[PDB]
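Listing of input_10.txt, compact mmCIF, C-alpha atoms
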```txt
# COMPACT_ATOMS: atom_id res chain seq x y z
CA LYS A 3 -52.65 -9.90 -7.52
CA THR A 4 -53.19 -6.73 -5.51
CA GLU A 5 -51.05 -4.91 -2.98
CA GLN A 6 -53.33 -6.41 -0.31
CA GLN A 7 -52.72 -9.93 -1.62
CA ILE A 8 -48.95 -9.45 -1.92
CA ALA A 9 -48.76 -7.90 1.54
CA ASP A 10 -50.80 -10.73 3.05
CA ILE A 11 -48.48 -13.37 1.54
CA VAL A 12 -45.37 -11.42 2.53
CA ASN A 13 -46.46 -10.80 6.13
CA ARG A 14 -47.82 -14.32 6.66
CA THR A 15 -44.35 -15.60 5.79
CA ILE A 16 -42.11 -12.92 7.31
CA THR A 17 -43.66 -12.37 10.75
CA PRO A 18 -43.14 -15.95 12.05
CA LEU A 19 -39.78 -16.11 10.31
CA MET A 20 -38.65 -13.08 12.29
CA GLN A 21 -40.10 -14.54 15.50
CA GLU A 22 -38.58 -18.00 15.09
CA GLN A 23 -35.19 -16.72 13.91
CA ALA A 24 -35.26 -13.82 16.42
CA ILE A 25 -34.56 -11.29 13.66
CA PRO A 26 -34.83 -7.74 15.12
CA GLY A 27 -35.32 -5.88 11.87
CA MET A 28 -36.23 -6.88 8.32
CA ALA A 29 -36.81 -5.16 5.00
CA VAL A 30 -38.29 -6.98 2.00
CA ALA A 31 -39.06 -5.87 -1.55
CA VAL A 32 -41.23 -7.96 -3.89
CA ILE A 33 -40.95 -7.50 -7.65
CA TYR A 34 -44.37 -8.45 -9.00
CA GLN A 35 -45.06 -8.01 -12.73
CA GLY A 36 -42.05 -5.73 -12.90
CA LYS A 37 -42.99 -3.39 -10.08
CA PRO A 38 -41.63 -3.10 -6.53
CA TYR A 39 -43.60 -3.49 -3.32
CA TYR A 40 -41.73 -2.72 -0.11
CA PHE A 41 -42.10 -3.97 3.45
CA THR A 42 -40.32 -3.20 6.72
CA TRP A 43 -40.57 -4.70 10.21
CA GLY A 44 -38.74 -4.23 13.45
CA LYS A 45 -35.68 -2.32 14.56
CA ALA A 46 -32.47 -1.35 12.83
CA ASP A 47 -31.03 -0.37 16.24
CA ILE A 48 -32.38 -2.01 19.40
CA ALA A 49 -30.70 -0.04 22.20
CA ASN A 50 -31.57 3.29 20.54
CA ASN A 51 -35.01 2.17 19.22
CA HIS A 52 -34.47 3.19 15.61
CA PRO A 53 -37.00 1.42 13.37
CA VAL A 54 -36.24 -0.19 10.04
CA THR A 55 -37.19 2.12 7.16
CA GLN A 56 -36.94 2.04 3.39
CA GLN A 57 -33.69 4.03 3.85
CA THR A 58 -32.15 1.52 6.27
CA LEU A 59 -28.79 0.29 5.00
CA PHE A 60 -28.22 -3.47 5.38
CA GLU A 61 -24.93 -5.34 5.13
CA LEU A 62 -25.39 -7.42 1.97
CA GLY A 63 -22.64 -9.93 2.70
CA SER A 64 -21.87 -12.09 -0.34
CA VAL A 65 -24.70 -10.52 -2.32
CA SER A 66 -21.85 -8.01 -2.86
CA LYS A 67 -20.56 -10.64 -5.32
CA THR A 68 -23.40 -9.89 -7.76
CA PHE A 69 -22.24 -6.28 -8.06
CA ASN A 70 -18.75 -7.71 -8.58
CA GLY A 71 -20.01 -9.99 -11.32
CA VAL A 72 -21.86 -7.13 -13.01
CA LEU A 73 -18.90 -4.76 -12.75
CA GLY A 74 -16.75 -7.52 -14.21
CA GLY A 75 -19.20 -8.17 -17.03
CA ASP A 76 -19.16 -4.42 -17.71
CA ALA A 77 -15.37 -4.57 -18.04
CA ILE A 78 -15.77 -7.45 -20.52
CA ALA A 79 -18.32 -5.51 -22.58
CA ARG A 80 -16.00 -2.49 -22.65
CA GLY A 81 -13.38 -4.80 -24.12
CA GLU A 82 -11.14 -4.04 -21.13
CA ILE A 83 -10.76 -7.70 -20.06
CA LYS A 84 -11.59 -11.17 -21.28
CA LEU A 85 -12.19 -14.00 -18.79
CA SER A 86 -9.80 -16.11 -20.86
CA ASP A 87 -6.97 -13.70 -19.91
CA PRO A 88 -4.32 -15.05 -17.53
CA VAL A 89 -4.23 -13.73 -13.98
CA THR A 90 -0.58 -12.75 -14.50
CA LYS A 91 -1.64 -10.26 -17.15
CA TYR A 92 -3.24 -8.35 -14.27
CA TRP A 93 -0.96 -9.34 -11.35
CA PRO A 94 2.42 -10.19 -12.92
CA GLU A 95 4.06 -10.69 -9.51
CA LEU A 96 2.15 -14.00 -9.25
CA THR A 97 5.05 -15.78 -10.88
CA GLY A 98 5.39 -19.38 -10.13
CA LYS A 99 4.05 -22.37 -11.84
CA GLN A 100 0.74 -22.87 -10.05
CA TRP A 101 -0.59 -19.57 -11.45
CA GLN A 102 0.42 -20.25 -15.06
CA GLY A 103 -2.83 -21.83 -16.20
CA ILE A 104 -5.17 -19.71 -14.05
CA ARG A 105 -7.36 -17.28 -15.98
CA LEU A 106 -9.68 -14.50 -14.86
CA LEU A 107 -12.42 -17.04 -15.62
CA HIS A 108 -11.27 -19.33 -12.83
CA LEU A 109 -11.05 -16.54 -10.26
CA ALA A 110 -14.51 -15.28 -11.21
CA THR A 111 -16.24 -18.67 -11.03
CA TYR A 112 -14.32 -20.19 -8.06
CA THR A 113 -12.63 -22.82 -10.28
CA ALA A 114 -8.97 -21.80 -9.77
CA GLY A 115 -8.13 -25.05 -8.01
CA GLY A 116 -8.97 -24.51 -4.37
CA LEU A 117 -8.48 -20.90 -3.35
CA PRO A 118 -9.79 -20.81 0.24
CA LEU A 119 -13.19 -19.63 1.39
CA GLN A 120 -11.72 -16.76 3.45
CA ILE A 121 -8.60 -14.71 3.02
CA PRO A 122 -6.82 -15.50 6.33
CA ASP A 123 -7.49 -12.76 8.83
CA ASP A 124 -3.78 -12.44 9.64
CA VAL A 125 -3.36 -11.22 6.04
CA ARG A 126 -3.96 -7.52 6.66
CA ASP A 127 -1.83 -5.45 4.23
CA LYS A 128 -0.65 -5.36 0.62
CA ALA A 129 2.59 -7.21 1.27
CA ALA A 130 0.90 -10.11 3.04
CA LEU A 131 -1.87 -10.43 0.42
CA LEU A 132 0.66 -10.83 -2.37
CA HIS A 133 2.61 -13.33 -0.26
CA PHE A 134 -0.62 -15.21 0.49
CA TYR A 135 -1.49 -15.64 -3.19
CA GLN A 136 2.12 -16.19 -4.28
CA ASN A 137 2.37 -19.12 -1.89
CA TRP A 138 -1.08 -20.69 -2.10
CA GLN A 139 -0.93 -24.21 -3.52
CA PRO A 140 -3.88 -25.64 -5.46
CA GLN A 141 -5.60 -28.95 -4.83
CA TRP A 142 -6.90 -29.48 -8.40
CA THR A 143 -6.03 -28.29 -11.90
CA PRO A 144 -7.72 -25.03 -13.01
CA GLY A 145 -11.35 -25.60 -13.92
CA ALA A 146 -11.67 -29.05 -12.36
CA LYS A 147 -13.63 -28.20 -9.24
CA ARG A 148 -15.72 -25.29 -8.00
CA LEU A 149 -15.02 -24.22 -4.44
CA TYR A 150 -16.95 -21.11 -3.43
CA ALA A 151 -14.44 -18.66 -2.01
CA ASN A 152 -14.02 -15.00 -1.15
CA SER A 153 -10.32 -15.16 -1.97
CA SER A 154 -11.22 -16.18 -5.53
CA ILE A 155 -13.98 -13.89 -6.72
CA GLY A 156 -12.61 -11.18 -4.43
CA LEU A 157 -9.36 -11.16 -6.40
CA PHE A 158 -11.18 -11.25 -9.74
CA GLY A 159 -12.93 -7.99 -8.87
CA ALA A 160 -9.71 -6.35 -7.69
CA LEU A 161 -7.97 -7.29 -10.96
CA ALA A 162 -10.88 -6.69 -13.35
CA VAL A 163 -10.88 -2.94 -12.61
CA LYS A 164 -7.16 -2.45 -13.34
CA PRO A 165 -7.60 -1.43 -17.02
CA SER A 166 -10.08 1.23 -15.88
CA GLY A 167 -7.34 2.97 -13.88
CA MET A 168 -9.88 3.23 -11.03
CA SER A 169 -10.04 1.59 -7.64
CA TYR A 170 -12.78 -1.01 -7.12
CA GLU A 171 -15.03 1.36 -5.20
CA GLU A 172 -14.69 4.20 -7.70
CA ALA A 173 -15.21 1.88 -10.66
CA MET A 174 -18.23 0.39 -8.89
CA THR A 175 -19.65 3.82 -8.07
CA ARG A 176 -19.07 5.34 -11.50
CA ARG A 177 -20.00 2.38 -13.70
CA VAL A 178 -22.78 0.55 -11.83
CA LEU A 179 -24.17 2.45 -8.86
CA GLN A 180 -24.60 5.92 -10.39
CA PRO A 181 -25.93 4.61 -13.76
CA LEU A 182 -28.60 2.55 -11.98
CA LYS A 183 -29.39 5.42 -9.56
CA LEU A 184 -28.44 3.31 -6.53
CA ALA A 185 -27.84 6.35 -4.34
CA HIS A 186 -28.25 4.41 -1.05
CA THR A 187 -25.73 1.66 -1.88
CA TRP A 188 -22.27 1.91 -0.36
CA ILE A 189 -18.98 0.07 -0.08
CA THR A 190 -18.00 2.54 2.63
CA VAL A 191 -20.92 4.16 4.45
CA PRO A 192 -20.26 7.92 4.66
CA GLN A 193 -20.66 9.65 8.00
CA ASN A 194 -23.90 11.43 7.04
CA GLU A 195 -25.57 8.07 6.34
CA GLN A 196 -24.44 6.25 9.51
CA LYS A 197 -27.80 7.09 11.14
CA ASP A 198 -29.55 4.82 8.60
CA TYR A 199 -26.89 2.10 8.90
CA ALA A 200 -28.58 -0.75 10.74
CA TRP A 201 -26.77 -2.75 13.38
CA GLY A 202 -26.43 -6.45 12.87
CA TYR A 203 -26.92 -8.64 15.91
CA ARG A 204 -24.72 -11.65 16.70
CA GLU A 205 -25.50 -13.39 20.00
CA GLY A 206 -27.69 -10.44 20.98
CA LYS A 207 -24.93 -7.87 20.55
CA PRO A 208 -24.87 -5.09 17.93
CA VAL A 209 -22.07 -5.54 15.38
CA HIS A 210 -20.89 -4.31 11.99
CA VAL A 211 -18.74 -6.24 9.52
CA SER A 212 -14.99 -5.93 10.16
CA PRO A 213 -12.48 -4.57 7.62
CA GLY A 214 -10.71 -7.26 5.65
CA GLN A 215 -8.63 -7.72 2.56
CA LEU A 216 -10.77 -7.47 -0.59
CA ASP A 217 -13.92 -7.04 1.48
CA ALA A 218 -15.46 -4.63 -1.06
CA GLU A 219 -15.22 -7.21 -3.86
CA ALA A 220 -16.58 -10.06 -1.76
CA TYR A 221 -18.90 -9.01 1.07
CA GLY A 222 -18.64 -5.35 1.96
CA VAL A 223 -21.55 -3.61 0.22
CA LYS A 224 -24.38 -2.01 2.19
CA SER A 225 -27.71 -1.05 0.58
CA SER A 226 -31.34 -0.23 1.29
CA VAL A 227 -34.41 -2.20 0.26
CA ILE A 228 -35.25 0.34 -2.46
CA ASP A 229 -31.77 0.22 -3.97
CA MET A 230 -31.86 -3.59 -3.82
CA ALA A 231 -35.31 -3.46 -5.42
CA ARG A 232 -33.74 -1.45 -8.25
CA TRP A 233 -30.84 -3.92 -8.31
CA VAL A 234 -33.15 -6.90 -8.82
CA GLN A 235 -35.16 -5.27 -11.58
CA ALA A 236 -32.04 -4.07 -13.41
CA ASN A 237 -30.58 -7.59 -13.41
CA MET A 238 -33.94 -9.19 -14.22
CA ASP A 239 -34.49 -6.92 -17.24
CA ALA A 240 -31.90 -4.30 -18.23
CA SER A 241 -33.68 -3.44 -21.51
CA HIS A 242 -33.96 0.17 -20.25
CA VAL A 243 -30.44 0.52 -18.89
CA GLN A 244 -29.14 3.20 -21.21
CA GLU A 245 -25.41 2.55 -20.78
CA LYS A 246 -24.76 -0.11 -23.41
CA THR A 247 -21.81 -1.79 -21.69
CA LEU A 248 -23.63 -1.97 -18.35
CA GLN A 249 -26.71 -3.54 -19.90
CA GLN A 250 -24.35 -5.98 -21.62
CA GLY A 251 -22.38 -6.67 -18.43
CA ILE A 252 -25.59 -7.30 -16.50
CA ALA A 253 -26.40 -9.97 -19.08
CA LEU A 254 -22.93 -11.56 -19.09
CA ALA A 255 -23.06 -12.02 -15.30
CA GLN A 256 -26.04 -14.27 -16.05
CA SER A 257 -24.26 -16.27 -18.74
CA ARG A 258 -23.73 -19.89 -17.65
CA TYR A 259 -20.00 -20.51 -17.38
CA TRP A 260 -20.16 -23.82 -15.46
CA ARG A 261 -22.71 -26.50 -14.55
CA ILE A 262 -22.39 -27.97 -11.06
CA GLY A 263 -25.18 -30.51 -10.61
CA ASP A 264 -28.41 -28.61 -11.27
CA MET A 265 -26.95 -25.12 -10.72
CA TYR A 266 -25.02 -22.92 -13.15
CA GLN A 267 -22.28 -20.44 -12.23
CA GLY A 268 -22.69 -16.92 -13.53
CA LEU A 269 -20.54 -14.03 -12.40
CA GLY A 270 -21.55 -13.68 -8.77
CA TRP A 271 -25.08 -14.75 -9.69
CA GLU A 272 -26.04 -18.45 -9.68
CA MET A 273 -28.81 -19.97 -11.77
CA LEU A 274 -31.12 -22.97 -11.88
CA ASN A 275 -33.45 -23.85 -14.73
CA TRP A 276 -37.02 -22.72 -14.21
CA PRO A 277 -39.45 -24.24 -13.38
CA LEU A 278 -37.98 -26.41 -10.62
CA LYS A 279 -38.65 -28.19 -7.35
CA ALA A 280 -38.24 -26.08 -4.23
CA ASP A 281 -36.19 -28.80 -2.52
CA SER A 282 -33.52 -28.29 -5.19
CA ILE A 283 -32.97 -24.62 -4.20
CA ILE A 284 -33.45 -25.26 -0.48
CA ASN A 285 -31.15 -28.27 -0.24
CA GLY A 286 -28.59 -26.62 -2.50
CA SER A 287 -28.30 -23.72 -0.06
CA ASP A 288 -27.27 -25.92 2.85
CA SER A 289 -23.64 -25.02 3.40
CA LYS A 290 -22.92 -28.78 3.45
CA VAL A 291 -23.37 -28.49 -0.32
CA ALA A 292 -22.72 -24.88 -1.26
CA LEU A 293 -19.33 -24.70 0.50
CA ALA A 294 -18.28 -28.10 -0.89
CA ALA A 295 -15.66 -28.64 -3.57
CA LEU A 296 -17.66 -30.07 -6.44
CA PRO A 297 -16.74 -31.19 -9.97
CA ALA A 298 -17.24 -28.30 -12.40
CA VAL A 299 -18.43 -28.91 -15.97
CA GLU A 300 -17.39 -26.10 -18.29
CA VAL A 301 -20.03 -24.60 -20.57
CA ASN A 302 -18.08 -23.55 -23.64
CA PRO A 303 -18.91 -21.06 -25.03
CA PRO A 304 -20.76 -19.73 -21.98
CA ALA A 305 -24.47 -20.12 -22.56
CA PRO A 306 -26.19 -16.71 -22.81
CA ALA A 307 -28.51 -15.69 -19.99
CA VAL A 308 -31.54 -18.01 -19.93
CA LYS A 309 -34.76 -16.14 -19.12
CA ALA A 310 -36.37 -19.30 -17.66
CA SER A 311 -33.97 -19.35 -14.73
CA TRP A 312 -34.19 -19.03 -10.98
CA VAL A 313 -31.37 -16.51 -10.48
CA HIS A 314 -30.27 -15.92 -6.91
CA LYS A 315 -27.53 -15.28 -4.36
CA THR A 316 -27.33 -15.67 -0.59
CA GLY A 317 -25.26 -13.24 1.43
CA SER A 318 -24.26 -13.04 5.09
CA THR A 319 -22.00 -11.22 7.51
CA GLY A 320 -21.60 -11.76 11.25
CA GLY A 321 -24.83 -9.91 11.93
CA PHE A 322 -26.80 -9.82 8.68
CA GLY A 323 -28.44 -12.34 6.40
CA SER A 324 -29.62 -11.32 2.94
CA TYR A 325 -31.08 -13.15 -0.02
CA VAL A 326 -32.08 -12.08 -3.52
CA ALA A 327 -33.84 -14.25 -6.09
CA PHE A 328 -35.72 -13.50 -9.29
CA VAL A 329 -37.18 -15.28 -12.32
CA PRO A 330 -36.75 -13.21 -15.51
CA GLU A 331 -39.39 -15.19 -17.42
CA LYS A 332 -42.09 -13.99 -14.99
CA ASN A 333 -40.73 -10.50 -14.11
CA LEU A 334 -40.95 -11.77 -10.53
CA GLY A 335 -38.42 -11.46 -7.72
CA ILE A 336 -37.66 -10.80 -4.07
CA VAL A 337 -35.03 -9.28 -1.79
CA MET A 338 -34.90 -10.10 1.92
CA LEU A 339 -32.70 -7.97 4.18
CA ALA A 340 -32.29 -8.96 7.84
CA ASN A 341 -30.09 -7.67 10.61
CA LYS A 342 -29.55 -11.14 11.97
CA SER A 343 -27.88 -14.06 10.25
CA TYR A 344 -30.08 -17.12 9.85
CA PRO A 345 -29.85 -20.37 7.87
CA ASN A 346 -29.73 -20.12 4.09
CA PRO A 347 -32.18 -23.07 3.76
CA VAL A 348 -34.65 -20.96 5.79
CA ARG A 349 -34.16 -17.87 3.59
CA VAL A 350 -34.76 -19.94 0.45
CA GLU A 351 -37.85 -21.49 2.09
CA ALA A 352 -39.39 -18.09 2.81
CA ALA A 353 -38.49 -16.70 -0.61
CA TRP A 354 -40.01 -19.67 -2.45
CA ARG A 355 -43.19 -19.70 -0.37
CA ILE A 356 -43.71 -16.01 -1.18
CA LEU A 357 -42.87 -16.27 -4.87
CA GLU A 358 -44.78 -19.53 -5.39
CA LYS A 359 -48.01 -17.76 -4.39
CA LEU A 360 -47.25 -14.85 -6.79
CA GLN A 361 -46.88 -16.88 -9.99
```

Encoded form using structure tokens:
Amino acid sequence: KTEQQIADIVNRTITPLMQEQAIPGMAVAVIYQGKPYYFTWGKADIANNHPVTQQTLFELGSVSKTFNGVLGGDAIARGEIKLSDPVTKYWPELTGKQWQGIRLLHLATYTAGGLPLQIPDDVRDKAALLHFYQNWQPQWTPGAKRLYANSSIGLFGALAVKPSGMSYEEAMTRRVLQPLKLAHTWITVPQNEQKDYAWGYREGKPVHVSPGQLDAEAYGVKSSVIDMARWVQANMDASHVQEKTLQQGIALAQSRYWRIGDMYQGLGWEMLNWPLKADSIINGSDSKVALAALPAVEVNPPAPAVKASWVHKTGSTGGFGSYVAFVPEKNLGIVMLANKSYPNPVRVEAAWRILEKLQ
């Protein structure tokens, strides 16, 4: 396929998507036979008429969890943690019986027993966060059910970097971002990059994600389409990542720790066997399913990364909707960055219709 053919497929899918969803600005990168092709439409800033560029920073939302999973897998490869470790090894103040059987594994894969989707917004400092976790009561035994939750994987990332002696952001920067040359990826956007920081739009107003407890670990990364293009290719094939633990941690985040219907829980990343029916991905992304508490079947030992997988993650904030998906077997992938939130089933639809024509 040529650049012309890729562009044609991309634009034929993106332009009506942006019209129907009323998305002001969009950036998309296609990974075709291992190489990136970039596309940009619309405005990053409506009132000030700043266009979207290949330097535009987008709020990744819960795609931030894939960096978490990779940073965590890095910590595993460095021997700093093991997912079988108890949470109290890393936060000993969580005394109290409900935390006794909970391991880093459960926090990482949302199987702790019902940690809630959001950390409550009235939990705004260190004292209240500890009190929140100390006093949370589970609905199931550890590892019974998967319930997707910021408070779960968010805490895993905050604890997994404790051996390193570094904060989450500094560990992330030093161990993942700088080694992969992601120089336009931020947990906090410095002042000299604010001009490239797109505005999300929620009900026609410009907005940026609000500070929250453990936001960095769960939904507070911002990145450009080129950095996310590099992200996808590094996770799809890290054979040329020169840091041995990072290349190993990339792979462990794609190990299959749990099977939940036809999907498998990695570390941040989620996987389905490839090839597959599109309705599986599309229907699975409806929040009626993805936010549901489902029975979790442990894969023990975790199955190593399967190259015939559809590997993906949705991510949203109040004003942004992102999606990343790739298929290692084909060296084929996509990233879709939008400064308006729109339905996950619609993101998956557009991704699949682009990637199905590039097989």

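Candidate residues A:72, A:77, A:284, A:85 were compared for distance to residue A:163, and the nearest is A:77, using all atoms listed in the file.
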
Using all atoms listed in the file, determine which residues lie at most 12 Å from residue A:128, disregarding the query and same-chain residues fewer than 4 positions distant; provide the list as a VMD selection string.
chain A and resid 124 132 to 135 214 to 216

Can you pull out the residues contacting stretch 292-299 of chain A? Cut-off 9 Å, using all atoms listed in the file, and skip same-chain residues under 4 positions away; I want them as a ChimeraX atom specification.
/A:113,116,119,145-151,259-263,286-288

Would you mind listing what lies within 7 Å of stretch 52-68 of chain A as a VMD selection string, with all atoms listed in the file counted and same-chain residues fewer than 3 positions away left out?
chain A and resid 27 to 28 42 to 48 71 to 72 198 to 200 219 to 228 269 to 271 315 to 319 322 324 339 341

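Every protein, DNA or RNA residue with an atom at most 12 Å from residue A:10, where all atoms listed in the file count and chain neighbours fewer than 4 positions away do not, is listed here: residues 3, 4, 5, 6, 14, 15, 16, 17, 41, 356, 359 and 360 of chain A.
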
Quick one: distance from atom CA of residue A:358 to atom CA of residue A:280 in Å, one decimal?
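Between atom CA of residue A:358 and atom CA of residue A:280 the gap works out to 9.3 Å.
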
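You can rank A:143, A:152, A:166, A:212 by their closest distance to residue A:76 using only C-alpha atoms, and at the top of that list sits A:166.
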
Please determine an axis-aligned box that encloses all atoms of stretch 191-207 of chain A listed in the file, with 5 Å added on each side, and express its centre and edge lengths in Å to one decimal as lines of an AutoDock Vina configuration file.
```
center_x = -24.9
center_y = -1.0
center_z = 12.7
size_x = 19.3
size_y = 34.8
size_z = 26.5
```

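Reported to one decimal place, the separation of atom CA of residue A:184 from atom CA of residue A:20 is 27.0 Å.
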
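Distances to residue A:110 were evaluated for A:126, A:164, A:207, A:84 using all atoms listed in the file, and the minimum falls at A:84.
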
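With atom CA of residue A:300 on one side and atom CA of residue A:161 on the other, the separation reads 22.3 Å.
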
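Minimum distance to residue A:250 across A:204, A:187, A:103, A:80 (counting all atoms listed in the file) occurs at A:80.
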
Using only C-alpha atoms, determine which residues lie at most 9 Å from residue A:329, disregarding the query and same-chain residues fewer than 2 positions distant; provide the list as a short mmCIF file (atom, residue, chain, number, x, y, z; two decimals) with C-alpha atoms, in the frame of the given file.
```cif
data_model
loop_
_atom_site.label_atom_id
_atom_site.label_comp_id
_atom_site.auth_asym_id
_atom_site.auth_seq_id
_atom_site.Cartn_x
_atom_site.Cartn_y
_atom_site.Cartn_z
CA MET A 238 -33.94 -9.19 -14.22
CA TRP A 276 -37.02 -22.72 -14.21
CA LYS A 309 -34.76 -16.14 -19.12
CA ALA A 310 -36.37 -19.30 -17.66
CA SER A 311 -33.97 -19.35 -14.73
CA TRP A 312 -34.19 -19.03 -10.98
CA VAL A 313 -31.37 -16.51 -10.48
CA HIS A 314 -30.27 -15.92 -6.91
CA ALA A 327 -33.84 -14.25 -6.09
CA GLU A 331 -39.39 -15.19 -17.42
CA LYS A 332 -42.09 -13.99 -14.99
CA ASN A 333 -40.73 -10.50 -14.11
CA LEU A 334 -40.95 -11.77 -10.53
CA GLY A 335 -38.42 -11.46 -7.72
#
```

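Shortest separation to residue A:336 among A:155, A:185, A:252, A:350 occurs at residue A:350, atoms counted being all atoms listed in the file.
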
With distances taken over all atoms listed in the file, which of A:283, A:162, A:9, A:255 is nearest to residue A:83?
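Smallest distance to residue A:83 is found for A:162.
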
For stretch 213-234 of chain A, where the input has fewer atoms than it should, I would like N, CA and C atoms rebuilt and written as a short mmCIF file (atom, residue, chain, number, x, y, z; two decimals), in the frame of the given file.
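Written output follows (selection-v9.cif):
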```cif
data_model
loop_
_atom_site.label_atom_id
_atom_site.label_comp_id
_atom_site.auth_asym_id
_atom_site.auth_seq_id
_atom_site.Cartn_x
_atom_site.Cartn_y
_atom_site.Cartn_z
N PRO A 213 -13.30 -4.74 8.83
CA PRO A 213 -12.48 -4.57 7.62
C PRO A 213 -11.68 -5.82 7.33
N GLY A 214 -11.50 -6.11 6.05
CA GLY A 214 -10.71 -7.26 5.65
C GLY A 214 -10.20 -7.05 4.25
N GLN A 215 -9.18 -7.83 3.89
CA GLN A 215 -8.63 -7.72 2.56
C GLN A 215 -9.68 -8.12 1.53
N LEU A 216 -9.85 -7.26 0.53
CA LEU A 216 -10.77 -7.47 -0.59
C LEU A 216 -12.22 -7.60 -0.14
N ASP A 217 -12.56 -6.96 0.99
CA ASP A 217 -13.92 -7.04 1.48
C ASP A 217 -14.90 -6.42 0.49
N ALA A 218 -14.52 -5.30 -0.15
CA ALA A 218 -15.46 -4.63 -1.06
C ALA A 218 -15.92 -5.57 -2.17
N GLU A 219 -14.97 -6.30 -2.75
CA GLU A 219 -15.22 -7.21 -3.86
C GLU A 219 -16.07 -8.41 -3.46
N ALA A 220 -16.06 -8.78 -2.19
CA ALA A 220 -16.58 -10.06 -1.76
C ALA A 220 -17.78 -9.96 -0.82
N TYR A 221 -17.81 -9.00 0.10
CA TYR A 221 -18.90 -9.01 1.07
C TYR A 221 -19.12 -7.67 1.76
N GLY A 222 -18.55 -6.59 1.23
CA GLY A 222 -18.64 -5.35 1.96
C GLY A 222 -19.48 -4.27 1.31
N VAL A 223 -20.62 -4.62 0.72
CA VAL A 223 -21.55 -3.61 0.22
C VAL A 223 -22.72 -3.52 1.19
N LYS A 224 -23.19 -2.30 1.41
CA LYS A 224 -24.38 -2.01 2.19
C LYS A 224 -25.37 -1.27 1.30
N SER A 225 -26.66 -1.57 1.46
CA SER A 225 -27.71 -1.05 0.58
C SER A 225 -29.04 -1.08 1.31
N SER A 226 -29.97 -0.26 0.82
CA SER A 226 -31.34 -0.23 1.29
C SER A 226 -32.24 -1.11 0.43
N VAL A 227 -33.46 -1.33 0.94
CA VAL A 227 -34.41 -2.20 0.26
C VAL A 227 -34.84 -1.59 -1.07
N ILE A 228 -34.85 -0.27 -1.19
CA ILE A 228 -35.25 0.34 -2.46
C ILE A 228 -34.14 0.18 -3.48
N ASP A 229 -32.89 0.42 -3.07
CA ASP A 229 -31.77 0.22 -3.97
C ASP A 229 -31.66 -1.24 -4.39
N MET A 230 -31.88 -2.17 -3.45
CA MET A 230 -31.86 -3.59 -3.82
C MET A 230 -33.08 -3.97 -4.66
N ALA A 231 -34.20 -3.27 -4.49
CA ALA A 231 -35.31 -3.46 -5.42
C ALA A 231 -34.90 -3.04 -6.83
N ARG A 232 -34.25 -1.89 -6.95
CA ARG A 232 -33.74 -1.45 -8.25
C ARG A 232 -32.70 -2.43 -8.78
N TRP A 233 -31.83 -2.93 -7.90
CA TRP A 233 -30.84 -3.92 -8.31
C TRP A 233 -31.52 -5.10 -8.99
N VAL A 234 -32.48 -5.72 -8.29
CA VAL A 234 -33.15 -6.90 -8.82
C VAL A 234 -33.77 -6.61 -10.18
#
```
